[PDB]
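Chains as they are written, first to last, in the entry's author numbering: chain B, 1404 to 1412; chain A, 659 to 771.
Step one of this worksheet: look at the structure below.
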């Protein structure tokens, strides 16, 4: 129940 | 006369998606090839817009953060509008922000059903 997405990291 | 500076429509573009679901985009892009990109809307708190791109049969997702009258998906640079953000990645590889990715915007989601 949380936004994963790609993200810069 | 020549300069079309009389109200710009972002929906007119083929890469402008509406209120699409997460599971949908996954299946929709599943049929599409690499290089396909799109931007959907989401009624979230910190995030307002949502971007998606296909690369090596992998549907990636990018969160869009819009605050202080500015738009930006990362926490380093800022943009004046979605257009500036899109055109930036449309020509420049995403590797700059996402080292894991190295693709760019070429074809929309509604290009060929």
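For each residue, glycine too, the CB sits at the ideal point set by N, CA and C.
Just the Cα atoms here: how many angstroms apart are residue 733 (chain A) and residue 739 (chain A)? Our two residues, residue 733 (chain A) and residue 739 (chain A), have alpha carbons roughly 16 Å apart in a direct line.
Does any residue of chain A bring its CB to less than 9 Å from the CB of residue 1410 (chain B)? By this cut-off, residue 1410 (chain B) is an interface position.
Across the stretch 713–730 of chain A and the stretch 679–695 of chain A, are there enough close Cβ pairs to call them in contact, namely three or more that are closer than 8 Å? Yes, the stretch 713–730 of chain A is in contact with the stretch 679–695 of chain A.
Report the neighbours of residue 751 (chain A) on chain B: residues whose CB is nearer than 9 Å to its CB, in chain order. Chain B residues near residue 751 (chain A): none, gap ~14 Å exceeds 9 Å.
Taking Cβ to Cβ, would you say residue 765 (chain A) is nearer than 9 Å to residue 676 (chain A)? Cβ distance not < 9 Å, so residue 765 (chain A) and residue 676 (chain A) don't count as in contact.
Along chain B, which residues have their Cβ under 7 Å away from the Cβ of residue 721 (chain A)? 1406 and 1408, listed in chain order.
At what residue ranges does the stretch 661–704 of chain A contain a whole run of the beta strand (DSSP E), taking only runs of 3 or more? Restricting attention to beta strand (DSSP E) runs no shorter than 3 residues, the stretch 661–704 of chain A encloses them at 695–699, ordered along the chain.
Mapping the DSSP letters down to three states, classify residue 721 (chain A) as helix, strand or coil. In this structure, DSSP gives residue 721 (chain A) an extended state, which the three-state scheme calls strand.
As assigned by DSSP and simplified to three states, the class of residue 767 (chain A): Here DSSP, grouped into helix, strand and coil, assigns residue 767 (chain A) to coil.
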